[PDB]
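Enquirer: Please find one structure pasted underneath; my questions will follow.
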Amino acid sequence: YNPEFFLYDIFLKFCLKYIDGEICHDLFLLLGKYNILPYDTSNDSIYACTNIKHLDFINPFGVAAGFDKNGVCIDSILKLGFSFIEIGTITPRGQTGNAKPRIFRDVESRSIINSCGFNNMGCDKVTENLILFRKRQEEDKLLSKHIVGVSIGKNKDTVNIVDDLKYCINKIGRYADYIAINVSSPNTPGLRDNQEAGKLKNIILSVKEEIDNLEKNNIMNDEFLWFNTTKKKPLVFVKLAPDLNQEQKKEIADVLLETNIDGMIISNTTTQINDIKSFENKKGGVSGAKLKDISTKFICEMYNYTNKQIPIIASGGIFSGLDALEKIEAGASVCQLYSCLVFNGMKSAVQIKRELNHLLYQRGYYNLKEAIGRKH
Ligand SMILES: Cc1cc2nc3c(=O)[nH]c(=O)nc-3n(C[C@H](O)[C@H](O)[C@H](O)COP(=O)(O)O)c2cc1C
Ligand SMILES: CCn1cc(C2CC2)c2c([C@H](N)c3ccc(C(F)(F)F)nc3)n(C)nc2c1=O
Ligand SMILES: O=c1cc(C(O)O)[nH]c(=O)[nH]1
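Numbering-wise, the sequence shown is residues 5 to 380 according to the working numbering.
Below, the structure is given as structure tokens:
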């Protein structure tokens, strides 16, 4: 019972019908900047705790990349009831993006189409913000167990992807719990060509290597170097696009097994949806419910491509507790939300968290970890 939630749900219906999508995004981020967003301070179910190696998540719901592309709103977003957040995608130097008429919504289909183009303030400034949060985190008990991941990418005009990725790792590595490599954005020309097994292999090795390089050349203990939640080196995940052929998707898996990737996010937006009349002749990748079923199979695909050896992070059309369980049973260990917060709002995390707890009770599972890969 926290009345501070519904006050915002009143205005939600207004926004979906009148306010431009990005104007709603900036407004939301502004609210959390001033710490006036609702609070979910109830303990989470110990049966819902999940992990990926030494990453321990209090609950299995964070917000996906592109939500807080610059980490100026981490404190409040997390306090809504999310265990972690993925900030970014970030690039070395700031970028403005594309034609500001970028993101559009369709309420009925619960879908979104976006053509942002990695609009961010740059690696240096976003690093300043994350540092401020980590300091606030040490003096706040509502942030003591929460995790922050950083999605990294390349500028549109970069000549080589590896160079940009490394500059980020070397500037913001110490403050990240994990690092997700975004080589799947459909709104930045090219990039997806890096999904080729050869270049993807070199990419993964370079990133994993670059993170390993931060320890050696220090004068202090490993305890003080990592100013993060784990106090350990950041793990390396990779985000993949759904628009691949089955042959490339087994090539991809081969790279992840060969390179010992710590995780595989599944998945980003798609460019194959063409049955939304309000989205006809509009550029960008589609998000929301229409991406649900497509991504789910991609989990089963990659969970069987990779021989169950790489944990999977679920992202795509997740709105309800049963949606999350679908992702879990397919092979995912954790879930990310975005469109759910666009259409369901600030009450999303609490809503979806109560629904998942209740479903695990009826399905007979003792805890969440028991459900990964069970309807295969
Ligand atoms: C406006 C917008 C911006 C996004 N920006 C990023 C991004 O910068 N990096 C990334 O990896 N994914 C980005 N995404 C994709 C989301 O992180 C997520 O994968 C996708 O929206 C599916 O989630 P959903 O179906 O729950 O909405 C973005 C999506 C939208 C709608
Ligand atoms: C696709 C961009 N993006 C993002 C959001 C997410 C940022 C939180 C959108 C929302 C959101 N559910 C919301 C609720 C309440 C308010 C307000 F103003 F009441 F505080 N603002 C935004 N909405 C309605 N549209 C979004 C969007 O387009
Ligand atoms: O990975 C990404 C990136 C973008 C963007 O910045 O435009 N948009 C998406 O839908 N996915």
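Beta carbons: idealized from backbone N, C-alpha and C, even for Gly.
In this structure, what does DSSP give as the bridge partners for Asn-118?
Expert: Note: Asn-118 sits in a beta bridge opposite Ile-107, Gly-289.
Enquirer: Less than 8 Å separating the beta-carbons of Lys-170 and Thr-95?
Expert: Not a contact, by the Cβ cut-off of 8 Å.
Enquirer: Looking at the unbroken alpha helix (DSSP H) that takes in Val-259, where does it start and where does it end?
Expert: Residues 250-263.
Enquirer: Judging by CA-CA distance, which residue of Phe-241, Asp-226, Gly-292, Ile-183 is the nearest neighbour of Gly-267?
Expert: Nearest C-alpha to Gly-267: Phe-241.
Enquirer: Would you call the segment 112-119 and the segment 351-363 in contact, with 3 or more CB pairs under 8 Å?
Expert: Short answer: they don't touch.
Enquirer: Fully enclosed by the segment 137-190, which beta strand (DSSP E) runs are 3 residues long or longer?
Expert: List check, beta strand (DSSP E) in window: 151-156, 182-186.
Enquirer: Could you tell me which residues DSSP puts in a beta bridge with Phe-241?
Expert: Its beta-bridge partners are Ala-184, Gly-267.
Enquirer: Only counting runs of 4 or more residues, tell me where the alpha helix (DSSP H) segments fall wholly within the segment 53-98, in order along the chain.
Expert: Listed in chain order, they are 78-83.
Enquirer: So is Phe-18 buried or exposed if we call it buried at 16+ other beta carbons inside 10 Å?
Expert: Result: exposed.
Enquirer: Under 7 Å: does the beta carbon of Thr-273 sit that close to some heavy atom of ligand 3?
Expert: Correct: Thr-273 has its Cβ closer than 7 Å to ligand 3.
Enquirer: Near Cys-344, what residues of its chain come up, given a Cβ to Cβ distance below 8 Å and the 5 sequence neighbours on each side ignored?
Expert: Here the set comprises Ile-322, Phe-323, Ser-352, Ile-356.
Enquirer: Taking the C-alpha atoms as reference points, what is the distance between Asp-13 and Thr-162?
Expert: Cα to Cα, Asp-13 sits roughly 42 Å from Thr-162.
Enquirer: Rounded C-beta distance between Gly-289 and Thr-275? I'm assuming under 8 Å.
Expert: About 6 Å separates the two Cβ atoms, so the contact holds.
Enquirer: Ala-68 and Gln-340 - do their beta-carbons sit closer together than 8 Å?
Expert: For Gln-340 and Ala-68, yes; Cβs fall inside 8 Å.
Enquirer: According to DSSP, simplified to helix, strand and coil, what is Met-350?
Expert: Looking at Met-350 - three-state DSSP - the assignment turns out to be coil, as it is neither helix nor strand.
Enquirer: Since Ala-201 is in the alpha helix (DSSP H), which residue starts that stretch and which ends it?
Expert: Per DSSP, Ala-201 belongs to the alpha helix (DSSP H) from 201-220.
Enquirer: Between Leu-372, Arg-140, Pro-315, which has its C-alpha nearest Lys-57's C-alpha?
Expert: Per the Cα distances, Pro-315.
Enquirer: Round the Cβ separation of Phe-347 and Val-111 to the nearest angstrom and send it over; I've been treating them as touching at under 8 Å.
Expert: Their Cβ separation, rounded to whole angstroms, is 7 Å, which keeps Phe-347 and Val-111 in contact under 8 Å.
Enquirer: Among the residues of its own chain, which have a CB less than 6 Å from the CB of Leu-134, if the five just before and after it don't count?
Expert: If we look at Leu-134 and ignore the five residues flanking it on each side, its Cβ neighbours are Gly-75, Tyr-179.
Enquirer: Within the continuous alpha helix (DSSP H) that includes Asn-308, where are the two ends?
Expert: Taken as a continuous stretch (DSSP letters only), the alpha helix (DSSP H) holding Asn-308 covers 296-309.
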